[PDB]
């Protein structure tokens, strides 16, 4: 399973093109890649380098409750978003009137309130917009054959208000033989840092919705747009390709949860996770 992520890193090193980027540092880049990670009795937390699993779980819980407030997640000891909610960064984009921590209408707003008129991170959006997360869950229960089970965070109208455009433009869910699968469209992926994390996020989400829907986790299909490696991270990765992968951990949910909103941190345990050091 992890071989696919390794083979993808190798491919970019062996066939990617040099491509400048917004940061001016430069990458090796391939456009268009796809990998399928089984979720059947294992969880694809990568072993050839440690993934910040606390961040994955708490960020997803943050997403689910609809929050666009970087402080709400920082208080969990996960600071991924803090720099994009900083005062100077928000002023850098003309959001002087904004409060620090207000990320705009990012994933939380889009997943729970798509199409609603955003104001600030403290506003009350109850009943406003499309609750895509719950629509997906209802459709899985009532019509698992549906080929439109999509959750879309890419919102062209809200893009100017987001602190940064979402990398995870949309995901699609699928059911056959009582198995729940998920395909992520990730428009831009840093193989050295973001991507192993993002694989965890959406595999976790698939586990959660399969639990709520009475289904088994199936496959997680990861589809990349610009899949890249920053030039200054080539040497760490070449070392990492050398390290042989140890079997994927497993994920256990310690109690029968009924709604996606009822999940909490202590309902999840990663057992068997032996990553290589870095």
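Each form is matched to the other, and the largest set of C-alpha atoms that superpose within 1.5 Å is called the rigid core. Residue numbers count along the first chain shown, from 1.
When the other structures are laid on the shown form by the core, the C-alphas of 136-144 and 83-91 differ in how far they drift in 8 other deposited structures of this protein; the larger average drift belongs to 83-91. Comparing the two stretches 236-244 and 44-52 by root mean square C-alpha distance in 8 other deposited structures of this protein, with all structures fitted on the core, the more displaced one is 236-244. Comparing the deposited coordinates for 201-209 and 92-100, the stretch with the larger average C-alpha B-factor is 92-100. The PDB entry records a higher mean C-alpha B factor for 120-128 than for its counterpart among 120-128 and 146-154. By the numbers in the PDB entry, the CA B factor is greatest at 246 among 228, 246, 65, 222. Out of 232, 34, 29, 69, it is 232 whose C-alpha atom has the highest B-factor in the PDB entry. Remark: residue 141 belongs to the middle third of its chain, ranked by C-alpha B-factor as recorded. In the deposited entry, the Cα temperature factor of residue 178 places it in the middle third of its chain's modelled residues.
For residue 217, the recorded CA B-factor ranks within the middle third of the chain. Only modelled residues enter the ranking. Split the chain's modelled residues into thirds by C-alpha temperature factor. Residue 251 is in the highest one. Per the PDB record, residue ranking by Cα B-factor puts residue 241 in the highest third of the chain.
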